[PDB]
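Visitor: Heads up: the protein sequence lines correspond to chains A and A', in order. A prime marks a further copy of an entry chain.
Start counting the first sequence at 11; every next residue gets the next number (the deposited numbering).
Start counting the second sequence at 11; every next residue gets the next number (the deposited numbering).
Have a look at the structure that comes next, please.
2 protein chains.
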Amino acid sequence: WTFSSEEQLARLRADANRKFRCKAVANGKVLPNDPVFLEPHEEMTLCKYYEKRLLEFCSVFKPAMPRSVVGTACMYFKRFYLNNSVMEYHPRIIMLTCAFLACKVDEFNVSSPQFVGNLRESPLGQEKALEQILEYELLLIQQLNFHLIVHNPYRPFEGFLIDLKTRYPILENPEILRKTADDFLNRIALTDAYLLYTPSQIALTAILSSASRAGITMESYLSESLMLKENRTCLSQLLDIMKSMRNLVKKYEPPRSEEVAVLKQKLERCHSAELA
Amino acid sequence: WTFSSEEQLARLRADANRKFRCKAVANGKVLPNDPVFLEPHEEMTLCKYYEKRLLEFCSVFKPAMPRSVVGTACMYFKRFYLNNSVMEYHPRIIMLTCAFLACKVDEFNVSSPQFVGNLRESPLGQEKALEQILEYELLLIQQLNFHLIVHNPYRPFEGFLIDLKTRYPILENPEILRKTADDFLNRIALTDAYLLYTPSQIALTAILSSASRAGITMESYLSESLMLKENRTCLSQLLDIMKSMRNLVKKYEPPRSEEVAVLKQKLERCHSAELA
């Protein structure tokens, strides 16, 4: 859900990285800040990586998985790691748990044995994964403070596509708009916008910034609108926000091909230094 | 947790039995109240049965399972069925789920594979049970309204045993008191007292009513006390409550040996009439 700033989210993850290190040295298990630990910065990379990995999983998922489920799963994952160190709870498990919790809260009819079946491994490997999800379900639920309700952009998105193709029937061919805006939603999802802005003023930013990329512009759409342009009363707020967001996607640096393998390597060193 | 009355708990389970029947005829799936359905009365029997069955499971559990866990598991189970029909969610699964949720919220270090291992069946049968628990965990959590914190009598019990053997050192041999009071706690647990009275004024009722059964009586214990006698300010309330409770255990009729097999038989007829 929407927080105040990006620094507020940076301090949160900091407190989570810190808190684990202290309670790591809290059994003389590790040299007071020895090379085993990851920096908050090294945590985010791994998470960016695992969310990317979450999206892939969700895309090949059979039976076809709804946009909202995937979107819900991403939020659980992001919000968990705002207060938990990846050195404590592994993201491969927590992402998978996030997906399962999501299929469940969303009432997306899928059975755990059908869920786990999308994993690329042996029948026992799949079952093991299932057991691990069981292990972490209450925890994830607890870490999200029992608030499992998540509102996605998908709904508002379809709202604006209806509105636009209606006010502008030349754009009755906005089924070209859709794909490009989709491409932009997926990119923005990977950022902290989910935790920082409304899914409405997020979906708006997808339609508009896509149409525009495709040359078109409706000089009076925002003069008009769909549910208060489904965003900030003052047009200005709306405008700098779509700017901010377009910025967020612009500064986004994807998980490093190599850093990830080293970080994955460090991550296990914590999962072997025996709780350190 | 403590409700107002026993009729309030009877109406709740009624609304749960009713609500399922209506939404059962709600697809012409069944003759508007045909012989398939169970009566609230037939629901309670099955639940009494399954809780008895829960206790057994919990008793042979390895590694040894704490008093509180078992007690917690019983509450989840009772409170779930205050708003859910056994025709909708089977008690064999929900009781097992209740136990697992309990080991988890109580931080009783047991792994699902260790948990499920106490089941008397094949490795795949055990795994299946594990999958089923996964299926129902969020639901149980949702049905308890996210309130998983449960206070047991065990703590207050040990409080009064400390108090009594202290004020009366002839009763420094109350480790005879313990067993008989334990016998009485287990009996009272099987009733709705858990949902109707404080675990303190429940534990008190165990000590006192046991000591008394063993002839002894401290004519001034309640004149004195352990944490406000850990119960009602007015001694009277305290006294009729211990009466009420001693009554609850007195009118308790255990699940019928034969009715259970027929009811179990009916229960599956609902689990085959395809949601009816």
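Backbone N, C-alpha and C fix where the C-beta goes; we use that ideal spot for every residue, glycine too.
(1) Between the alpha carbons of residue 263/A' and residue 200/A', how many angstroms are there, rounded?
(2) What are the start and end residues of the alpha helix (DSSP H) that includes residue 52/A?
(3) In three-state DSSP terms, what is residue 104/A'?
(4) To the nearest angstrom, how far is the alpha carbon of residue 283/A from that of residue 40/A?
(5) For residue 113/A', does the three-state DSSP call read helix, strand or coil?
(6) Here's the rule: buried if 16 or more other CB atoms are within 10 angstroms of the residue's CB, otherwise exposed. What is residue 57/A?
(7) Is residue 167/A' closer than 9 Å to residue 198/A' when the C-beta atoms are compared?
(8) Evaluate contact between the region 85-100 of chain A' and the region 127-140 of chain A', counting only Cβ atoms and requiring at least three cross-stretch pairs below 8 Å.
(9) Excluding the five sequence neighbours on either side, which residues of its own chain have a C-beta within less than 8 Å of the C-beta of residue 277/A, listed in chain order?
(10) Mind checking which residues open and close the alpha helix (DSSP H) that includes residue 260/A'?
(11) Return no unless some Cβ of chain A' is closer than 9 Å to the Cβ of residue 40/A.
(12) Once the 5 residues before and after residue 34/A are set aside, which same chain residues still bring their CB inside 6 Å of it?
(13) Using CA coordinates, which residue listed in 260/A', 268/A', 225/A' and 212/A' is at the minimum distance from residue 249/A'?
(14) Closer than 7 Å by beta-carbon distance: list the chain A' residues that pair up with residue 114/A, in chain order.
(15) Relative to the C-alpha of residue 81/A, which candidate in 161/A, 186/A, 233/A and 225/A has its C-alpha closest?
(16) Tell me the residue span of the alpha helix (DSSP H) that contains residue 38/A.
(17) Can you have a look at residue 85/A' and say buried or exposed, based on whether 16 or more other CB atoms are within 10 angstroms of its CB?
(18) Cβ closer than 7 Å: which chain A' residues qualify as neighbours of residue 143/A?
(19) Residues of chain A with CB closer than 7 Å to the CB of residue 156/A', please, in chain order.
(20) Could you have a look at residue 159/A and say whether DSSP puts it in helix, strand or coil?
(21) Under 7 Å Cβ-Cβ, which residues of chain A neighbour residue 131/A'?
(22) Looking at chain A, is there any beta carbon in it that lies within less than 9 Å of the beta carbon of residue 110/A'?
(23) Do you know how far the Cα of residue 171/A is from the Cα of residue 147/A?
(24) Is it the case that the region 222-237 of chain A' contacts the region 14-27 of chain A', given that we only count it when at least three CB pairs across the two stretches are under 8 Å?
(25) Any contact of the region 229-236 of chain A' with the region 172-184 of chain A', i.e. 3+ C-beta pairs under 8 Å?
(26) Is it the case that the Cβ atoms of residue 105/A' and residue 61/A' are separated by a distance below 9 Å?
(27) In the region 118-130 of chain A, which residues sit with their C-beta less than 8 Å from some C-beta in chain A', listed in chain order?
(28) With DSSP collapsed to three states, give me the class of residue 79/A'.
(29) Check whether the Cβ of residue 137/A' lies closer than 9 Å to any Cβ atom in chain A.
(30) For a contact meaning CB atoms closer than 9 Å, what does residue 151/A contact in chain A'?
(31) State the DSSP-derived secondary structure class of residue 286/A, mapped to helix, strand or coil.
(32) Counting only C-beta atoms, is residue 140/A closer than 9 Å to chain A' at any point?
(33) Less than 7 Å between C-beta atoms, sequence neighbours within five positions excluded: which residues of the same chain meet that for residue 293/A?
(34) Could you have a look at residue 199/A and say whether DSSP puts it in helix, strand or coil?
(35) Could you give the distance in angstroms between the alpha-carbon of residue 45/A and the alpha-carbon of residue 150/A?
Guide: Checking against the coordinates, here is how it stands:
(1) By 1-based counting over the second sequence, the position of residue 263/A' is 253. By 1-based counting over the second sequence, the position of residue 200/A' is 190. In a straight line, the C-alpha of residue 263/A' is about 10 Å away from that of residue 200/A'.
(2) On the first sequence, position 42 is the one that residue 52/A refers to. Note, residue 52/A: alpha helix (DSSP H), 50-70.
(3) For this step, residue 104/A' is matched to residue 94 along the second sequence. Looking at residue 104/A' - three-state DSSP - the assignment turns out to be helix.
(4) As a position in the first sequence, residue 283/A is number 273, starting the count at 1. As a position in the first sequence, residue 40/A is number 30, starting the count at 1. Taking the straight line from one Cα to the other gives about 8 Å.
(5) Position 103 of the second sequence holds residue 113/A'. Helix, per DSSP.
(6) Within the first sequence, the letter at position 47 stands for residue 57/A. Counting Cβ neighbours within 10 Å, residue 57/A comes out buried, since at least 16 surround it.
(7) Position 188 of the second sequence holds residue 198/A'. Position 157 of the second sequence holds residue 167/A'. Taking 9 Å as the Cβ cut-off, residue 198/A' and residue 167/A' do not qualify as a contacting pair.
(8) No: the two stretches stay apart, fewer than three of their Cβ pairs being nearer than 8 Å.
(9) Here the question's residue 277/A lines up with position 267 in the first sequence. Same-chain partners within the cutoff: 48, 56, 96, 97 and 100.
(10) Position 250 of the second sequence, counting from 1, holds the residue named residue 260/A'. Unbroken alpha helix (DSSP H) run through residue 260/A': 245-261.
(11) Residue mapping note: residue 40/A aligns to position 30 of the first sequence, counting from 1. Not one chain A' Cβ lies under 9 Å of residue 40/A.
(12) Along the first sequence, one-based indexing puts residue 34/A at 24. Correct list, in chain order: 40 and 286.
(13) Counting from 1 along the second sequence, the entry for residue 249/A' is found at position 239. Cα-wise, what sits closest to residue 249/A' is 212/A'.
(14) Looking up residue 114/A in the first sequence gives position 104. Going along chain A' in sequence order, the residues near residue 114/A (Cβ under 7 Å) are 148.
(15) As a first step, residue 81/A must be located in the first sequence, where it is residue number 71. Among 161/A, 186/A, 233/A and 225/A, the Cα nearest to that of residue 81/A is on 161/A.
(16) Counting from one through the first sequence, the residue named residue 38/A turns up at place 28. Per DSSP, residue 38/A belongs to no alpha helix (DSSP H) and is neither H nor E.
(17) As a first step, residue 85/A' is located in the second sequence; it is residue number 75 there, counting from the start. Counting Cβ neighbours within 10 Å, residue 85/A' comes out buried, since at least 16 surround it.
(18) Counted from its first residue, the first sequence places residue 143/A at position 133. Under the 7 Å cutoff, chain A' gives 144.
(19) Taking the second sequence and counting its residues from 1, the one referred to as residue 156/A' is at position 146. Near residue 156/A' (Cβ distances below 7 Å), the residues of chain A are 156.
(20) Counting from 1 along the first sequence, the entry for residue 159/A is found at position 149. Three-state DSSP puts residue 159/A in coil, outside helix and strand.
(21) Sequence index remark: in the second sequence, residue 131/A' carries index 121 (1-based). By Cβ distance, chain A contributes nothing, its closest Cβ being about 15 Å from residue 131/A', past 7 Å.
(22) By 1-based counting over the second sequence, the position of residue 110/A' is 100. For residue 110/A', the answer is yes, since a Cβ of chain A falls inside 9 Å of its Cβ.
(23) Here residue 147/A corresponds to residue number 137 of the first sequence, with the count starting at 1. Here residue 171/A corresponds to residue number 161 of the first sequence, with the count starting at 1. Distance between the alpha carbons of residue 147/A and residue 171/A: 37 Å.
(24) no
(25) The count of Cβ pairs closer than 8 Å, one atom from the region 229-236 of chain A' and one from the region 172-184 of chain A', reaches three, so the stretches are in contact.
(26) On the second sequence, position 95 is the one that residue 105/A' refers to. On the second sequence, position 51 is the one that residue 61/A' refers to. Yes. Within cutoff.
(27) 121, 122 and 123
(28) On the second sequence, residue 79/A' is found 69 positions in, with the first residue counted as 1. Three-state DSSP puts residue 79/A' in a helix.
(29) Position 127 of the second sequence, counting from 1, holds the residue named residue 137/A'. Yes, residue 137/A' counts as interfacial toward chain A.
(30) Translated into the one-based positions of the first sequence, residue 151/A becomes position 141. Per Cβ cutoff of 9 Å: 147, 148, 151 and 156.
(31) Counting from 1 along the first sequence, the entry for residue 286/A is found at position 276. Reduced to three states, the DSSP call for residue 286/A is coil.
(32) Mapped onto the first sequence, residue 140/A falls at position 130. At least one C-beta of chain A' is nearer than 9 Å to the C-beta of residue 140/A.
(33) Since the first residue of chain A shown is 11 and the last is 286, residue 293/A is not available in this structure.
(34) Looking up residue 199/A in the first sequence gives position 189. Residue state, collapsed to three classes: helix.
(35) Taking the first sequence and counting its residues from 1, one reaches residue 45/A at position 35. Taking the first sequence and counting its residues from 1, one reaches residue 150/A at position 140. Going by the C-alpha atoms only, they are around 28 Å apart.
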